[PDB]
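**Student:** Experimental structure and sequence below, a few questions after.
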Amino acid sequence: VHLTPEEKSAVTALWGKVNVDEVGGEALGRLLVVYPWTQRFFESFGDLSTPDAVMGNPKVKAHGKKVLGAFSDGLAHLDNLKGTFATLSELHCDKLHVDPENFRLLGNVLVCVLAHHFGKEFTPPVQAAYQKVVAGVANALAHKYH
Amino acid sequence: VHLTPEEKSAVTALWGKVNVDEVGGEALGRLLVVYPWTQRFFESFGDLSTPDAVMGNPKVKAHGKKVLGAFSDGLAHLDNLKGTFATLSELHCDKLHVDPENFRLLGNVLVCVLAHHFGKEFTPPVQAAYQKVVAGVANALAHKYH
Amino acid sequence: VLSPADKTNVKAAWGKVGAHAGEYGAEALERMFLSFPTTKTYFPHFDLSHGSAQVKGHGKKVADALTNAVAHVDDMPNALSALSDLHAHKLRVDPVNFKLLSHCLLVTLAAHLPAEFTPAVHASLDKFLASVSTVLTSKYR
Amino acid sequence: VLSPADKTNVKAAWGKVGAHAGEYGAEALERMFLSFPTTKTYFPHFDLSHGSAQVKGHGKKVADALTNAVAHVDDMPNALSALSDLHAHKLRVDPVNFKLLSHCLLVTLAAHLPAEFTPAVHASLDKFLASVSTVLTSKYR
Ligand code: HEM
Ligand code: HEM
Ligand code: HEM
Ligand code: HEM
């Protein structure tokens, strides 16, 4: 993914403010609430009955932190996303058989979470940069389908 | 795309029986009728006002031939679909900006056309083989998007 | 959203299915299982073999549900609520799967009703199936 | 298909937008144009620059239609018929573009109404926008 220097600066500056212990959990929870068929993949997580149960799930938050970590990894290797996410692509595609549209949904909910936490600062140009990154990650994850 | 010898045989054998002058136009025509937003790409074709008008359009039938020719090309090079469709990918992605879901729709309507034409001969296993081919083609056309 | 023309097309074509309903239903499932093997995942405890009586039986259920949808075209959510519950709430079927079965049903219909499967009817049938899929993937109760 | 609670959530959330509906629709458009440049293709005759007055006026239009839709939640096809005509029949907008706009709208709302943008409201608005999108992309008259 090619980011202009200004874009990279914008991306980085906002990412420096993200609460690493919370955002991925927020994102994963919202995916499970907004697109409920995704719960099928996390039945082992326990109670996902309601919005509150989902958002309050410890397993959801723990897992969310792992997800965020993968996004941080991507941000540092935008040049080589397919290589960086090779193992995650095999897991998601070959083993779990997650439909690739789901990768797109999670990236978009992540964007909605950033907008939620950063309001004012999440300007159109900042969102545009983040849309490239998230499309990049989604494409790398779906590589095995390609 | 990898077809077992058995699958390639099945595909191959049926394809030699396809009316290359007509099947492509039927397929393009049905894409335009079934998913009408696709017509926006063929405005220069004239009268696409009614199913009747789409199906009897000379430009649709002529263009249909070209599309089918591309599928025949894929069949002959299942090996290097990506290499084979490189120029077509560039046309469709970077010159026309066709959303990739549209490639899958055309692939599926072709399948419907084959079923309509061959009746009982278009068996479940024959379809399965054809689905791998159509997905391979759509994936090769979408390459520039990946 | 279906046009009056759509509803008429659908009633006419589905009507021609008749007592073949179940057979057509079973064939569509077998087409799905072979073409998109990932769908088998939702049927862990089925005998998905070639002339499986389980699939034939299920095919009949699917076909009857479509007949039901046709005979309640104007108020589907109310007529298919129990099916939404099963598919959406209990099974949590990824919506992509509905596109696969819909496609396999269209293929089946094309292979069996050559005179009825005109571009206009193909268009209405696709729209109808997308309508049904939307109901079955939604949690509206 | 929307549940009764979805309907309540949308009405409530849309209520909080109120006076800013217009500014929000304009921002949503701007976000879409920047983030998904291919969408600009439908507006060749538009000044798509930052403070473009055209986008601002167009944002109002979009927002007014959503307000109407919220008001006619149980009756969208009837309410939006003219808009369906324009988008589906005249402009022939590819349905993917409705997902892009819907997403940009959610982002705008999340950005401006953080307290109101709870998981449940987010879920309800997403379904609402999908329903609007379905109406606008189908020809049924
Ligand atoms: C941007 C998209 C995504 C990213 C970056 C991502 C990242 C990850 C990461 C880092 C893990 C942990 C791997 C490990 O065990 O070391 C994981 C596991 C998993 N992911 Fe994702 N994921 C994404 C999308 C999804 C989606 C959309 C789904 C399903 C709807 C999904 C389902 C799963 C499941 C079920 C596991 C569990 C594997 C296990 O715990 O055995 N993921 N993902
Ligand atoms: C499997 C999918 C497809 C295949 C194999 C295919 C194949 C082709 C071929 C062989 C050409 C002619 C290039 C030449 O002039 O030599 C072409 C052109 C074109 N295709 Fe496709 N196509 C596919 C899907 C689509 C879709 C889904 C759309 C739009 C909805 C589309 C829109 C066009 C247009 C607008 C042109 C015209 C360019 C021109 O000839 O001036 N194609 N395609
Ligand atoms: C047009 C769309 C569909 C229709 C009309 C439909 C209809 C039905 C019906 C009537 C039943 C049986 C309920 C009963 O016991 O009375 C059923 C069950 C089921 N359906 Fe579907 N279905 C559709 C799509 C799908 C798809 C796309 C999948 C997943 C790939 C799926 C997976 C299942 C499963 C797993 C069961 C339960 C079987 C069992 O455990 O006995 N369905 N469906
Ligand atoms: C939430 C979904 C949408 C709604 C409620 C909506 C609403 C509207 C409204 C109210 C108008 C002007 C009607 C009039 O007063 O004549 C309009 C026009 C238009 N819309 Fe949309 N729209 C939506 C999505 C889209 C999308 C996704 C696109 C393409 C990316 C699009 C492209 C257009 C265009 C090109 C026009 C005509 C502009 C002109 O020539 O002035 N719309 N829309």
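**Tutor:** Good, I have the coordinates. Numbers count the residues shown, from 1 in each chain, chains lettered A, B, ... in the order given. Ligands and ions are numbered 1, 2, ... in the order given.
**Student:** can you give me the helices in chain C?
**Tutor:** For chain C, the helices defined by DSSP state H cover C:4-15, C:21-35, C:53-70, C:76-84, C:96-112, C:119-136.
**Student:** Of all those, which one comes closest to residue D:82?
**Tutor:** Minimum separation from residue D:82 across those (C-beta to C-beta) falls at helix C:4-15, 18.0 Å. The C-beta positions use only the backbone N, C-alpha and C, and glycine is treated the same way.
**Student:** how about the strands in chain A?
**Tutor:** Counting by DSSP state E, chain A has no strands at all.
**Student:** which one of the helices of chain C lies closest to residue D:71?
**Tutor:** helix C:76-84 (20.6 Å).
**Student:** For that closest one, enumerate the helices and strands it packs against.
**Tutor:** Secondary-structure packing of helix C:76-84 (3 or more C-beta pairs under 8 Å, 6 or more residues apart in numbering or on different chains; DSSP states H and E): helix C:53-70, helix C:119-136.
**Student:** Check which residues of that helix are buried.
**Tutor:** C:76-77, C:79-80, C:83-84 (16 or more other C-beta atoms under 10 Å in any protein chain shown).
**Student:** about what we covered before: now the helices of chain C as TSV including distance to residue A:95?
**Tutor:** Formatted as TSV, the helices of chain C follow (distance: least, C-beta to C-beta, whole Å):
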stretch	distance to residue A:95
helix C:4-15	39
helix C:21-35	20
helix C:53-70	26
helix C:76-84	30
helix C:96-112	17
helix C:119-136	27
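**Student:** and the residue lying closest to residue C:69 once chain neighbours are set aside, how many neighbours does it have?
**Tutor:** Spatial nearest neighbour of residue C:69, excluding adjacent residues (C-beta to C-beta, 6 or more residues apart in numbering or on different chains): residue C:132 at 5.2 Å. Look at residue C:132: counted by other C-beta atoms under 10 Å in any protein chain shown, it has 22 neighbours.
**Student:** One more: residue C:59?
**Tutor:** 22.
**Student:** Distance of the residue nearest in space to the middle of chain A relative to residue A:32?
**Tutor:** Geometric centre of chain A, nearest residue: residue A:107, 4.5 Å, by C-alpha atoms, centre = their mean. Distance, residue A:107 to residue A:32, using C-beta to C-beta, to the nearest Å: 15 Å.
**Student:** ditto for residue C:28
**Tutor:** Counting by C-beta to C-beta - residue C:28 and residue A:32 are separated by 31 Å.
**Student:** Over to residue A:123?
**Tutor:** 29 Å.
**Student:** So for the two, which sits in the more crowded spot?
**Tutor:** Between residue A:123 and residue A:32, counted using other C-beta under 10 Å, the more crowded position is residue A:32 (25 against 18).
**Student:** so the more buried one touches residue A:43, yeah?
**Tutor:** No - counting by C-beta atoms under 8 Å, residue A:32 sits too far from residue A:43 to count as a contact (11.1 Å).
**Student:** need the contact list for the closest residue in space to the residue nearest to the centre of chain A that isn't next to it in sequence.
**Tutor:** Spatial nearest neighbour of residue A:107, excluding adjacent residues (C-beta to C-beta, 6+ apart): residue A:134 at 3.2 Å. Listed by C-beta atoms under 8 Å, 6 or more residues apart in numbering or on different chains, the contact partners of residue A:134 are A:107-108, A:110-111.
**Student:** how about 7 Å then?
**Tutor:** The contact partners of residue A:134, by C-beta atoms under 7 Å, 6 or more residues apart in numbering or on different chains, come to A:107, A:110-111.
**Student:** For ligand 3, tell me whether stretch C:60-79 is touching it.
**Tutor:** Yes - against ligand 3, stretch C:60-79 shows contacts by C-beta under 6 Å from any ligand atom at C:61-62, C:65-66.
**Student:** what's the closest of those to residue A:76?
**Tutor:** The closest of the residues of stretch C:60-79 next to ligand 3, once distances to residue A:76 are taken by C-beta to C-beta, is residue C:62, at 48.6 Å.
**Student:** Torsion angles phi and psi at the residue of chain C found nearest ligand 1?
**Tutor:** Closest residue of chain C to ligand 1, C-beta to the nearest ligand atom: residue C:94 (8.3 Å). Backbone torsions for residue C:94, taken as degrees, to the nearest 10, come to phi -60, psi 130.
**Student:** how many neighbours does the closest residue to it other than its chain neighbours have?
**Tutor:** In space, and not counting its chain neighbours, residue C:94 is closest to residue A:37: 4.9 Å by C-beta to C-beta, 6+ apart. As a burial measure, residue A:37 scores 20 neighbours (other C-beta under 10 Å).
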